[PDB]
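Visitor: Opening with a subset of the complex:
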Amino acid sequence: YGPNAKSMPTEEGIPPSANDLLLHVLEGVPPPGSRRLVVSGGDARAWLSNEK
Amino acid sequence: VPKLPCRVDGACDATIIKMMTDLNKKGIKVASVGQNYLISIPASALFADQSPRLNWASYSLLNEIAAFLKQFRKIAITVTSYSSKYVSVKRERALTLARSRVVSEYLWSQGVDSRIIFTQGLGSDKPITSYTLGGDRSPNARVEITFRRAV
Amino acid sequence: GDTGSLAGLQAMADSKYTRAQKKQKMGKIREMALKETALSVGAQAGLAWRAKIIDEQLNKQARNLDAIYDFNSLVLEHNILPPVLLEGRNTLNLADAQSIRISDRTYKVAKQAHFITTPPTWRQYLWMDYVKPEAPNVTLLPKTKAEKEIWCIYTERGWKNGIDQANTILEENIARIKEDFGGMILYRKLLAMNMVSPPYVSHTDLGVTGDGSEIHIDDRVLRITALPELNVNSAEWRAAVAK
Amino acid sequence: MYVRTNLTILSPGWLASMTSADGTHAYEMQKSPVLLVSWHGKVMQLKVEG
């Protein structure tokens, strides 16, 4: 492609599988840098890592 | 934390054991094992002789039973009915099934917070004594309520 | 007064009303400050009280809303929310003079179909936010009994107005969710009627994949390829009947 | 099979989907003899053998 070739054909491949942090979350270890959360009404745990 | 509940709403264990003591003093059989509980009621104190009809004063005992049953957290309640051998197997089974259906309908009509109620009857299938000489006044004629307390 | 204005002006020509307006001067001057504050705090109190009462009633009869709204029935077999459709009957348009354009019926796709994880609930639309107010602010105290009374009745009128606005917001939410469910049921009726194409969604299958550190067992990809839409092929439409 | 088309594939799944501005589309497909193409709304089937 030349420098004037601003046009590009657009490609889509496979969507990503999952998030590997959820393995540690399902284990019970929070990801590093995540913040604690308060869970009320039942027995559960929660964290905030990438504002999710 | 005051906004969070401290106990279950409308609960006092002293009142629970008090009305339990009053029922066992009256003659209502109360049975506890683990968190599994059963209560046995004599069928002659509720129905007429071999017929599915209720006394007008029976609603007091039913109201007391529902008041006691409101105090627990539950999932599944089971009622079984037992009678004495009168005519055939079919008639006694049908009578026990009808009595269980009527008492289960009234107990669901009262606002008890259960999920599933199972109702069944057996007639004179399972005796609880070798003594089988009395009529409907015999202790084998009974209705049993059974459940397991959640948590 | 100004109704029998001849006699009203003849009475105004007397000097006693010229000094009777000088005592209504302070009344009309010290008036407008109390009403705005009373109306504001009444609006806050009425909105909060009506909101709490209406949320209590909603939670009281919460079960039949779940009974009447089964979005799980309407969700199609590939976990796809059906799209939302609108209709219109006996349409006309008069843009200007010498120009009319009318038609029988119209159909409009509002929201496109997409994937979903959980069915919606009525709590996403009909629940109202309740926070108790705890800040009664006083700018000025109503000194006389008369201004205290007009403060009370203006607070009452604000209470009524806040109740009415809460009713309006709840009614708008009701119309919104009724619009959504009507669009769903009209799409179902139309796909029964064979006037809209069904969606199409492809599945891609791969076995094990990944490196010696990460592996996945059954790599499955589900992708909605063809959106539903209206079809113009009029001869391919099946009519109905009734008994 | 690597297929260049002006059409699109609908049924069996896709792995790599390249598309240009003029409508030329490149599809990476696993070994399958039967395909379904949705031409402008109507879908027809194509079978390719060796």
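Guide: Noted; the coordinates are in hand. Residues are numbered from 1 along each chain as shown, chains lettered A, B, ... in the order given.

Visitor: CA atoms only: put stretch C:183-190 into PDB for me.
Guide: Provided in PDB are the C-alpha atoms of stretch C:183-190 (Å, rounded to 0.1, in the frame of the first residue of the first chain):
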ATOM      1  CA  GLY C 183     -44.300  -4.600  20.100                       C
ATOM      2  CA  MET C 184     -43.200  -8.100  21.100                       C
ATOM      3  CA  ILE C 185     -46.600  -9.600  20.700                       C
ATOM      4  CA  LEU C 186     -47.200  -7.800  17.400                       C
ATOM      5  CA  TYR C 187     -43.900  -9.300  16.100                       C
ATOM      6  CA  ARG C 188     -45.000 -12.700  17.300                       C
ATOM      7  CA  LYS C 189     -48.400 -12.200  15.500                       C
ATOM      8  CA  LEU C 190     -46.600 -11.000  12.300                       C
END
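
Visitor: Contact partners for the closest residue to residue B:40 other than its chain neighbours?
Guide: Excluding its sequence neighbours, the residue lying closest to residue B:40 (Cβ to Cβ, 6 or more residues apart in numbering or on different chains) is residue B:29, at 3.8 Å. (C-beta placed from N, C-alpha, C; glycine too.) For residue B:29, the contacting residues are B:38, B:39, B:40, B:41, by Cβ atoms under 8 Å, 6 or more residues apart in numbering or on different chains.

Visitor: so which strand or helix has residue C:159?
Guide: Per DSSP states H and E, residue C:159 falls inside helix C:145-193.

Visitor: Make CSV from the contacts of residue B:29 and add distance to residue B:9 to it.
Guide: Output for the contacts of residue B:29, formatted as CSV (distance: Cβ to Cβ, whole Å):
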residue, distance to residue B:9
B:38, 25
B:39, 23
B:40, 29
B:41, 27
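
Visitor: now, which of those sits nearest chain A?
Guide: Chain A lies nearest to residue B:38 out of the contacts of residue B:29, by Cβ to the nearest Cβ, at 29.0 Å.

Visitor: Look up the residues forming beta bridges with the residue of chain C at minimum distance from chain D.
Guide: At 2.9 Å from chain D, residue C:204 is the closest residue in chain C, using Cβ to the nearest Cβ. With DSSP bridges as the criterion, residue C:204 is bridged to residue C:221.

Visitor: here's chain E, drop it onto the model above:
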Amino acid sequence: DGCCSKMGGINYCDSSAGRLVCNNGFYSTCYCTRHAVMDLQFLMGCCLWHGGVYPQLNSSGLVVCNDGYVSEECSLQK
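Guide: So, slotting chain E in with the rest:
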């Protein structure tokens, strides 16, 4: 006050159930840990069933939730 009232008194609280076991063989109806089964079907707070309340400091009394929804029922009127 007295959770195991007219009973043996409180033995101790189990945090696995969040429930207080009395000195007699019974479960008290009181709660001890916040990770226990409540029955909460009513809550306060604005911007519920949305992105939550936006934590910005708006100059006006208008409050808009994080998912773009406007919280007029918590906003200030005139």
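
Visitor: sorry, back to before: so what does the helix holding residue C:159 touch, helix or strand wise?
Guide: Under the contact definition 3 or more Cβ pairs under 8 Å, 6 or more residues apart in numbering or on different chains; DSSP states H and E, helix C:145-193 sits against helix C:32-60, helix C:71-74, strand C:84-96, strand C:99-111, helix C:123-126.

Visitor: I'd like these laid out as TSV, including distance to residue D:6.
Guide: Converted to TSV, those look like this (distance: least, Cβ to Cβ, whole Å):
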stretch	distance to residue D:6
helix C:32-60	55
helix C:71-74	36
strand C:84-96	31
strand C:99-111	27
helix C:123-126	43
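
Visitor: Residues of chain E that sit close to chain A?
Guide: E:18, E:34, E:35, E:36, E:37, E:38, E:40 (Cβ under 8 Å from any Cβ of the partner chain).

Visitor: for residue D:25, what are its contacts?
Guide: D:4, D:5, D:6, D:7, D:8, D:17, D:18, D:19.

Visitor: neighbours of the second one, just the number please.
Guide: Neighbours of residue D:5 under the rule other Cβ atoms under 10 Å in any protein chain shown: 12.

Visitor: which phi and psi does it have?
Guide: For residue D:5, the backbone dihedrals (degrees, to the nearest 10) come out as phi -150, psi 160.

Visitor: If you count neighbours, what's buried in stretch E:54-73?
Guide: Using 16 or more other Cβ atoms under 10 Å in any protein chain shown as the test for burial, stretch E:54-73 gives E:54, E:63, E:64, E:65, E:71, E:73.

Visitor: Give me the contacts around that stretch.
Guide: Contacts of stretch E:54-73 (Cβ under 8 Å, 6+ apart): C:47, C:51, C:128-129, C:166, C:169, E:46-47, E:50-53, E:74-76.

Visitor: Which one of the residues in chain C is closest to chain A?
Guide: For chain C, Cβ to the nearest Cβ, closest residue to chain A: residue C:216, 5.8 Å.

Visitor: That residue touches residue A:20, doesn't it?
Guide: No. Applying Cβ atoms under 8 Å as the test, residue C:216 and residue A:20 come out as separate, 11.4 Å apart.

Visitor: then chain F, please:
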Amino acid sequence: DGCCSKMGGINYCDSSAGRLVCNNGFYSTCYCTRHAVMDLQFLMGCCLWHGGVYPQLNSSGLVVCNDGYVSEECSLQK
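Guide: Now chain F, sitting on the chains shown earlier:
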């Protein structure tokens, strides 16, 4: 003033009809909602059957309406 007067009293406002319901099974003669049938034949204001009163600022007392008409009897005379 008394809507269900000399009756059982006022039960509630049927807002489907916008009308009060007496304790005995009859509708009151009063209304209770503004979305009801109030048969009025007299109105107020000027620039009527037109675009309304134009809210622009005029140096004189001449009020124009939004359809271009001028309400003379609503205007300041001389």
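
Visitor: returning to that earlier point: taking strand C:84-96 as reference, get the angle to the helix holding residue C:159.
Guide: Here the directions of helix C:145-193 and strand C:84-96 differ by 110 degrees (axes from the mean of the first three to the mean of the last three Cα atoms, to 10 degrees).

Visitor: and helix C:145-193, how far from the chain's centre?
Guide: 7 Å (Cα atoms, centre = their mean, to the nearest Å).

Visitor: Near residue D:18, how many other residues are there?
Guide: Per other Cβ under 10 Å, the neighbour tally for residue D:18 reads 16.

Visitor: how about it, what does it touch?
Guide: Applying Cβ under 8 Å, 6+ apart, the residues near residue D:18 are A:9, A:10, A:11, D:25, D:26, D:27.

Visitor: hmm, which two among those residues are most spread apart?
Guide: A:10 and D:27 (13.7 Å; Cβ to Cβ).

Visitor: Determine the three-state secondary structure at the residue most central in space within chain A.
Guide: Nearest to the mean C-alpha position of chain A, counting by Cα atoms, centre = their mean, stands residue A:19 at 5.3 Å. Here residue A:19 is recorded as coil under DSSP: H, G, I helix; E, B strand; the rest coil.

Visitor: What distance do you get for it to residue C:88?
Guide: As judged by Cβ to Cβ, to the nearest Å, residue A:19 and residue C:88 stand 45 Å apart.

Visitor: Kindly calculate the angle that the helix holding residue C:159 makes with helix C:32-60.
Guide: Using the same axes, to 10 degrees, helix C:145-193 lies at 40 degrees relative to helix C:32-60.

Visitor: host element of residue 30?
Guide: Let's take chain A. Assessed by DSSP H and E, residue A:30 sits outside every helix and strand.

Visitor: Please refer instead to chain D.
Guide: With DSSP H and E as criterion, residue D:30 is part of no helix or strand.

Visitor: got the contact list for it?
Guide: Going by Cβ under 8 Å, 6+ apart, residue D:30 touches D:1, D:12, D:13, D:15.

Visitor: sorry, back to before: which one of the contacts of residue D:18 is nearest chain C?
Guide: Distances from chain C to the contacts of residue D:18, taken by Cβ to the nearest Cβ, are shortest for residue D:27, at 11.9 Å.
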